[PDB]
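Peer 1: Output the structure for:
(one chain, ligands or ions: 2)
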Amino acid sequence: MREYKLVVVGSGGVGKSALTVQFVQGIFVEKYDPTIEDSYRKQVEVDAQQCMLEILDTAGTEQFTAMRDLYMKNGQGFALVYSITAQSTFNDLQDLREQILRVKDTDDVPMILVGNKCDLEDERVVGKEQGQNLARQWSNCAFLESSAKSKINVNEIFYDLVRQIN
Ligand SMILES: Nc1nc2c(ncn2[C@@H]2O[C@H](COP(=O)(O)OP(=O)(O)NP(=O)(O)O)[C@@H](O)[C@H]2O)c(=O)[nH]1
Ligand SMILES: [Mg+2]
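Peer 2: Residues are numbered from 1 along each chain as shown. Ligands and ions are numbered 1, 2, ... in the order given. Now the structure:
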């Protein structure tokens with residue numbers, strides 16, 4: 001079966017691990033905090049085509065990891081995750097995307113912008129329109145707001161990222 005190597009990236013605390021585990025295992029991590037940059041596997045069907053996904057849950061950008069350029073070079077698609085409750089995590093993604101494009105030496109990289117923690121509407125600081133315009137600035141319409149906690153758009157992040165690699 002075709003296998004896709006996906007990479008979830010973003011600043012600390014945005015819910016990279018929570019999204020990955022919710023998608024792959026169907027459970028919410030609550031306060032459990034994985035300390036390994038591990039890979040998580042799930043078979044999916046997207047547009048009537050079967051795919052094995054292997055999803056790498058990376059450390060927050062501000063944390064040490066010597067493997068970063070390896071994952072940026074080798075990953076087939078990237079989920080760039082921020083929290084809607086922290087503008088810094090959103091702005092951080094501009095530099096992050098630039099780093100990925102630099103490592104790959106091309107603009108043509110499957111990517112989805114993900115505003116996580118959308119269940120925290122009362123704590124929102126990043127407007128949905130901000131996310132939409134960032135996507136527009138990137139010339140890539142793939143943008144979702146998600147909640148790992150409430151299971152909103154979690155599967156769709158990965159399905160939509162697969163659509164781009166296909
Ligand atoms: N309300 C809410 N909380 C969330 C969501 N996702 C994650 N969290 C919470 O946010 C905290 C950090 O989540 P986690 O998945 O560990 O984030 P991370 O991006 O993997 N952090 P790190 O970069 O350090 O590995 C946890 O308390 C977690 O329960 C969400 O969609 N909604
Ligand atoms: Mg994590």
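
Peer 1: who's in contact with whichever residue of the chain sits closest to ligand 2?
Peer 2: Per C-beta to the ion, residue 17 is where the chain lies closest to ligand 2, at 3.2 Å. Using the backbone N, CA and C atoms, a C-beta is placed for each residue, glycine as well. Neighbouring residues of residue 17 by C-beta atoms under 8 Å, 6 or more residues apart in numbering: 29, 33-34, 57.

Peer 1: Report the buried residues of the helix or strand residue 161 falls within.
Peer 2: Residue 161 is part of helix 154-165, with elements assigned from DSSP states H and E. For helix 154-165, burial by neighbour count (16 or more other C-beta atoms under 10 Å) applies to 154-155, 157-162, 165.

Peer 1: tell me the SS of residue 61?
Peer 2: Following DSSP: H, G, I helix; E, B strand; the rest coil, we place residue 61 in the coil state.

Peer 1: Share the number of residues neighbouring it, please.
Peer 2: For residue 61, the count of nearby residues is 18 (other C-beta atoms under 10 Å).

Peer 1: which residues touch it?
Peer 2: 9-12, 92, 96.

Peer 1: Just the ones in helices from the residues you listed, please.
Peer 2: Applying DSSP state H to the contacts of residue 61, the entries found in helices are 92, 96.

Peer 1: residue contacts, residue 123?
Peer 2: Per C-beta under 8 Å, 6+ apart, neighbours of residue 123: 84-85, 117.

Peer 1: Give me the residue at the spatial middle of this structure.
Peer 2: In the chain, the centroid-proximal residue (C-alpha atoms, centre = their mean) is residue 79; its distance is 2.4 Å.

Peer 1: now that residue: how far from ligand 1?
Peer 2: Distance, residue 79 to ligand 1, by C-beta to the nearest ligand atom, to the nearest Å: 11 Å.

Peer 1: got it, and residue 147?
Peer 2: Relative to ligand 1, and taking C-beta to the nearest ligand atom, residue 147 is found at 4 Å.

Peer 1: For that residue, name its beta-bridge partners.
Peer 2: Beta-bridge partners recorded for residue 147 (DSSP bridges): residue 152.

Peer 1: My guess is it contacts residue 117. True?
Peer 2: Yes. Shown here, residue 147 and residue 117 form a contact pair, counting by C-beta atoms under 8 Å, at 6.4 Å.
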